[PDB]
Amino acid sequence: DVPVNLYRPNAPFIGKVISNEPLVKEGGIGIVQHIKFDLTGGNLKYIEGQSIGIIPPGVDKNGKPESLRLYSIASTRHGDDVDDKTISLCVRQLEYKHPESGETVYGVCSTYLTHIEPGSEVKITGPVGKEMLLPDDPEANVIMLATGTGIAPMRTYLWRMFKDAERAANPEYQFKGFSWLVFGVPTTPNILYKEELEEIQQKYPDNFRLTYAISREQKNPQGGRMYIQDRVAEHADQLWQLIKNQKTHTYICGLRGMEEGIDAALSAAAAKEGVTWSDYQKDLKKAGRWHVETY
């Protein structure tokens, strides 16, 4: 039921860019684009939680073809327009430092993707991934811990759960459980999909909770910048009590390093009832209830 590797690097699907919109509002840090591709002309099917590969043009410094980079799929299986003809991605442009040869280095595939024009053809492989899939259980609780572009798999879940058009299109999945997104970003204009997430929380105040950790605008109790691990420690007892429910699934997505502060918070909460979190967590992974994709 999970499509995997319908297209591979040796014979990719050639899709076309339909649109390339900016997500970072003025006053925000960096460039993050929402890119939609046209899938008509092939048979790329995918579901929520998966990723595709993009093969950028050109050669590296040794003269070899650039290889694929993976990107979380940011649309549901139906695409943003709910017509089963497109796929979307949420791509941050990577750029960095001086002590790494020269001046500013720009990431190859991410610079290529964030500046790509409508009508352009893109080499697409996949889909791949079975680690971030959503259960078809409409009464599941879903905890979502995202930073930056890790919002991408979370958006596919929430849209499937809460978009009017999705609910009419998926008669077998009418979500009636509870979901909680904790979303860590640097500024308020860096809240990707802010307007759509907050509209969801207004229509479903009992089925969706939205918490932000905004580091240039909020301080944690210790006077430092507010990061997602600070918000998780604030609500550690609550999150622990939801995680004990047999129905609860936890998703963690974002840049590497966020995992250690989430564990230390849930560790202190579990200990209060004589549970060693690192052992409870192994059982959760085994059961398919603890989902992690960091990079």
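Numbering starts at 1 and runs along the sequence shown.
Annotation for 95-103 versus 160-168: the higher mean temperature factor (C-alpha) is found in 95-103. Just going by the entry, 171-179 versus 192-200 on mean CA temperature factor gives the higher value to 171-179. Which of 69, 61, 231, 45 has the largest Cα B-factor in the deposited entry comes down to 61. Note on the listed residues 35, 252, 255, 239: the highest Cα temperature factor in the record is that of 255. Compared with the other modelled residues of the chain, the Cα B-factor recorded for residue 18 ranks in the lowest third. Per-chain ranking of the deposited C-alpha B factor places residue 114 in the lowest third. Ranked by C-alpha B-factor against the other modelled residues of its chain, residue 54 falls in the lowest third. The deposited CA B-factor of residue 209 belongs to the lowest third of values across its chain.
When the modelled residues of the chain are ordered by their C-alpha B factor, residue 217 lands in the middle third.
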